[PDB]
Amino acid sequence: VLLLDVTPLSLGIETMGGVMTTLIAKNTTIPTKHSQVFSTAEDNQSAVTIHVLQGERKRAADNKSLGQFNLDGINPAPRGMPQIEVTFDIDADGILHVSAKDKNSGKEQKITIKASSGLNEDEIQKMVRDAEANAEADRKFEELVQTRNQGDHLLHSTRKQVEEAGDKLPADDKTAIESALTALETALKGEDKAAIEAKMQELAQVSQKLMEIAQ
């Protein structure tokens, strides 16, 4: 009532594309507990790396690392299908407990991070400075990442839809599409958002028939 224990900075994990995803937001009063269900990036992925971050920067690499830990034993499935619930829990004493739980396998891995770990009172103030100083640049990075994830979903999805369409797809369209996928896959390898959107444009246009067959 005269004071508050708060989180100076946001706390969370690194997610597909090097993005920091936030669990517990800046200036939250402890004790506190937030959960979020995540999934796997890649097909038949048997583990996930839980990389714990402190900071306000969109790029995981610009934020302060507090440790990382694996949850193994993820039973084979398509990417985006496993349920990994991730829980940040700050008790009344300032200690952070992060758990990942595979909601199919029941398996669990925790890490426990001292109240003292992470950025000192100064670093905190610098981090907020950089957040507002690099807002524009963080935004641009977010849009590239989101665009790369949009690109990759369109690629992964279209390849499946070609496998299940088999002989249904006119060889002609299958030629046009397999060329747009190879180019899309190359562009995804770069940092040019415009060029990824242009290969996504190329795929859309030549995939009208494939799309029909998926129904």
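We number the residues from 1 along the sequence you see. For clarity, a rigid core is taken as the largest C-alpha set superposing within 1.5 Å between two forms.
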query: Divergent stretch in 9 other deposited structures of this protein, 141-149 or 112-120 [C-alpha RMS, superposed by the core]; finding: 141-149
query: More shifted region, core-based fit in 9 other deposited structures of this protein, 187-195 vs 12-20 by CA; finding: 187-195
query: Of 167-175 and 27-35, the stretch whose C-alpha atoms average the higher B-factor in the entry; finding: 167-175
query: Between 119-127 and 73-81 (mean CA B-factor, as deposited), the higher; finding: 119-127
query: Third of chain Cα B-factors occupied by residue 42; finding: highest
query: Modelled-residue ranking by C-alpha temperature factor, third containing residue 98; finding: lowest
query: Ranked against its chain, the third holding the CA B-factor of residue 110; finding: lowest
query: Ranked against its chain, the third holding the CA B-factor of residue 201; finding: middle
query: Cα B factor band for residue 191 (lowest, middle or highest third within the chain); finding: highest
